[PDB]
Each structure stands twice: as C-alpha cells, then as structure tokens.
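The chain below stands alone and is given in structure tokens; this is the form deposited in one PDB entry.
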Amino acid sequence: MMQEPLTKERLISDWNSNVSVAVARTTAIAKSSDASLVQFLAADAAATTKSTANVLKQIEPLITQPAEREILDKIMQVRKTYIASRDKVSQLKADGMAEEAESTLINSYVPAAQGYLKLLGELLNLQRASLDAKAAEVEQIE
C-alpha cells in the first residue's frame, strides 16, 4: 500500500474546496456595492484563509513531478493576479471610481478568479488520475 498519493489527493481536494469557497465569497463582495458586506463575512473569511494556509503548507513539498510543478507555478502566477485585482476593485470602489471598479472586475478580476479555480481543478484531476493508475498497476499483484 502506497497511501501517500492518497494523502496527496486529500490535501489537494481540501485546497480546491477552501479556494473555491474563497473565490465564491470574494466574487460576491467585489460585485456588491454594499460596503458593509466585507465586515459581515470577515470572520468566515478568516477561517478559510487559515484552512488554506494549513492545507497549502502540506502539499507544496509533495509537488515534485514536472506536470505537477507546472500547474503549481501557473497557480502561483494567477493567485498573485487574483489578489491584486481583488484589491484593485476594493480600492477603486472605496475611492469613488465605480465605473473603473466594475471594469477592473469584469476585465481583470473574474478572469483571474476563474483561472485560479480552473488550474486547481486541473491539479485535483491530475492527482486523481495518478492514484487511479497507481492502483491498476498495484493490481498486477494477481
């Protein structure tokens, strides 16, 4: 039994789940003209950040193969854009400029958020494919 690829799938599954929650919440906050929303979800948002932080610390040392290293770097690049454009939308709405804020949301934030989730979906499927194929090869024990 080689359960490390199983733990590897479980960690990436929780990572995709925590990030999916974060993107759904951040997207709603970015579109909403309601400014009180940020404080109302602040405690819930902090929880997912902590969960992401705990889960991310464990998987990073386990991504060593090329295919996995490529996706992970693509994820790091898009995660930077995701946070930057999120703050840009928040900073523009704060400054009055709402036409600029909605434009940045549509043209910069949503593509980055969708790319964040898409790459994570690719990483989860990649690990599940490896565990399915490292189980049919261990089925040559018959």
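For every residue, the number given is its place in the sequence shown, counted from 1. Take the two forms, find the largest set of C-alpha atoms that superpose within 1.5 Å, and that set is the rigid core.
One more form of this protein should be noted, the form deposited in another entry, which is absent from this view; the next part is about it.
Annotation: Cα of residue 100 displaced by at least 2 Å between the shown form and the other one, core superposition. With the core superposed, residue 58 shows a C-alpha displacement below 2 Å between the shown form and the other one. Once the rigid core is overlaid between the shown form and the other one, residue 39 does not reach a Cα shift of 2 Å, moving by less than that.
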